[PDB]
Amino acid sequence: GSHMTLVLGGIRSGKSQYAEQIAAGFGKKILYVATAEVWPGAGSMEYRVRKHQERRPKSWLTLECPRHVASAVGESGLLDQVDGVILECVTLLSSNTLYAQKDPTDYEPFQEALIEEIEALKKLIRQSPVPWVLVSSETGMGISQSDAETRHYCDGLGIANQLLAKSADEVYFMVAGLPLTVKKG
């Protein structure tokens, strides 16, 4: 019955699997909103993405939008054709926003753009006829103070997660594949 759920956790914390279970709880027909871009060459996410697509249930729909996510989802009209939505993921949305900027070492343009994306998503989810689960990462519990771009990314993603968690009806923090309830109405 949760209209908006945020699932966050570390690298290999089981957060995607848990979010997908939640989404399957919405209904048979889920919209999978994918924000990762598949690059050519070294460092490509192509293999992981292909295996994700292969394992995806056949009744689910996939929308690939690395940026302007609320705009793209809304104008697709698919929210009226599905039972619920899973957004995978805020981590890559934040990265896409950072590297779209002229100078990744400048915090302000990146932060303003990322907050705009997040507020547009909040607004769309508020109006959405179907529930959403969003996947994001915790990246702020180590020591990443080496370069300005990494510090800026960590700050901006932390702020995005704060905004989403505040709007979300339920928030889960994954530890080794198991959920800790952080927020539940």
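The first residue of the sequence shown is number 1, and the count goes up from there.
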ask   = Is residue 53 a gap in at least one third of the other compared entries?
value = yes
request  = Compare the other PDB entries of this protein and indicate whether residue 44 is left unmodelled in at least a third of them.
outcome  = yes
task = Can you let me know which of the two, 149-157 or 51-59, has the higher average C-alpha B-factor in the entry?
result = 51-59
inquiry  = Per the record, averaged over C-alpha atoms, which has the higher B-factor: 38-46 or 125-133?
reply    = 38-46
ask   = Highest CA temperature factor in the entry: which of 65, 31, 118, 141?
value = 65
message = Quick check for you: using the entry's CA B-factors within this chain, is residue 25 in the lowest, middle or highest third?
response = highest
key: Ranked C-alpha temperature factor of residue 105 among modelled chain residues, by third   = highest
inquiry  = Ranking the modelled residues of this chain by C-alpha B-factor as given in the entry, is residue 81 in the lowest, middle or highest third?
reply    = highest
